[PDB]
């Protein structure tokens, strides 16, 4: 069953109220094309859970483990962030992607061919992102995701591949997970749409041919200890 920290809101706040991700006691379904949740600075639509403001502390002050069995069904060319450590500012600290773009450096890296790269970017102590390819998948396939924050040393494992480094600390950091669909051309990597304008993203996803984007998470666990 889905942990109560999620289902009850004791730890996580929901972004995108409808539909609710809990489709049965053991399954989370994140569908940003339906939830269509936005923020002032966002660059797409999201359906996502986030650690609530009151519990946030420095990356170096918690031990967190998130694990999930993740199935992804998404139109060719789609790109989403399915888990991330977010900074206090607009920064990010860790991001895990499922992505069908021409961005170089991954196992596929071929735009719009239905083969999604699964990779991670981790922001190091110098403030620079390091990226690492974990695997590839086609729509409908499933993989295992494990994200660990060991007091500032962040590790991601998927498809049996692991990568981790110490990350730039942020005093009010927070973990999020779900399906944050990115409004971006997969060929050119140009962003599409206008911040805060939900209709703009509507039109972007139509033009990008993104008519399916469903992240299903099962066998989910989350632990959090603070120091």
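Numbering follows the first chain given and starts at 1.
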Problem - Of 194-202 and 173-181, the one with larger mean CA B-factor - result: 194-202
Practice task
Report the stretch with the higher mean CA temperature factor, choosing between 89-97 and 139-147 on the basis of the entry.
Solution key: 89-97
Practice task
Using the temperature factors in the entry, find which of 49, 66, 63, 163 has the highest value at its Cα atom.
Solution key: 63
Exercise for the section: Would you check the entry's CA temperature factor for residue 156 and let me know if it's in the chain's lowest, middle or highest third? Expected result: lowest
Completion exercise
Split the chain's modelled residues into thirds by Cα B-factor; residue 110 lands in the highest
Practice task
State the tercile, meaning the lowest, middle or highest third, of residue 218 with respect to the CA B-factors recorded for its chain.
Solution key: middle
Completion exercise
Of the three thirds of Cα B-factor ranks in this chain, residue 55 occupies the highest
Practice task
State the tercile, meaning the lowest, middle or highest third, of residue 30 with respect to the CA B-factors recorded for its chain.
Solution key: lowest
